[PDB]
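Single chain ahead, by itself, as structure tokens, in the form deposited without this ligand.
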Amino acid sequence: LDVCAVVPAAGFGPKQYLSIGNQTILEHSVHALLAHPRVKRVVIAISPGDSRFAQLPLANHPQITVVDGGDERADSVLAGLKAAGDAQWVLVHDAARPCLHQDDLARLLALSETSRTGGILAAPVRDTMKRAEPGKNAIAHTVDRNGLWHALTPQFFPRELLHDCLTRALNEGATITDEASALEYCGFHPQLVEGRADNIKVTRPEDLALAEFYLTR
């Protein structure tokens, strides 16, 4: 039942080292993964040369493992998988998603009891979206929002399947984004587990206050 999480955290050799309260965003994100007792270990893949991570209180946690990752997210995740131990299922979570709720994580982890290809947390589109004309900030058309979802993280998959698929994706020079996109590239259709929309990613300076608001709840 053991699960190992992998947090790709390249870039310091990203806003993961920004703080909310007394912890960095990366620490909030990792403690959110450790709330579920099935998660036995969190592997953080940092860039060669990153001396920032070693400065955190989290660097001395007994369930954290730090390895160097590579150029692209897929290389980082593959580096993290080598340290997953005996886990047969792996969660991959964004270092800058510190508002992950335990309820959502538990619902996603329930997929290993039933599915073979895994799935991701996701939030249905509730607003209206527009597609811009190529290379211009003018509207081309309205995008149908029926069945349209935001992919969130974690993304939870069988370890070997994830490994094999990310390797094929890289070896064939496929353009991928999240781990689900690699599975999709390999012909699979991961489950969409609806999660809270406040599990946001901190990518711009204003996202920090919003994340804080959500954390205080």
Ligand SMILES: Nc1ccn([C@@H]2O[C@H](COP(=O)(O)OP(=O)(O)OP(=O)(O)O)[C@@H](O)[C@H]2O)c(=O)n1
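Take the two forms, find the largest set of C-alpha atoms that superpose within 1.5 Å, and that set is the rigid core. Numbering starts at 1 and follows the sequence shown.
The next section is about a form of this same protein that is not shown, the form deposited with this ligand bound.
J.: I need the one stretch from 102 to 110, 67 to 75, 135 to 143, 81 to 89 whose residues put non-hydrogen atoms within 4.5 angstroms of this ligand in the bound PDB entry.
T.: Selected stretch: 67 to 75.
J.: In the bound PDB entry, does every one of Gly118, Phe188 and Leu192 come within 4.5 Å of this ligand, counting any heavy atom?
T.: Verified in the bound PDB entry; spot residues all out of contact, no.
J.: If we define contact as a non-hydrogen atom of the residue within 4.5 angstroms of the partner, is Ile20 a contact of this ligand in the bound PDB entry?
T.: No, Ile20 stays farther than 4.5 Å from this ligand in the bound PDB entry.
J.: Would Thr24 sit within 4.5 Å of this ligand in the bound PDB entry, counting heavy atoms only?
T.: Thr24: no, not in contact with this ligand in the bound PDB entry.
J.: Decide whether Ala10 counts as a contact residue for this ligand in the bound PDB entry under a heavy atom distance cut-off of 4.5 Å.
T.: Judged by the heavy-atom cut-off of 4.5 Å, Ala10 is in contact with this ligand in the bound PDB entry.
J.: Taking this ligand in the bound PDB entry, which residues of 80 to 108 have any heavy atom within 4.5 Å of it?
T.: Result: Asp94, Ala95, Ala96.
J.: Against the rigid core, is the Cα displacement of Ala132 between the shown form and the other one at least 2 Å?
T.: Shift of 2 Å or more: yes.
J.: Once the core is aligned, does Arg116 move its Cα by at least 2 Å between the shown form and the other one?
T.: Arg116 C-alpha, core-superposed: shift of less than 2 Å.
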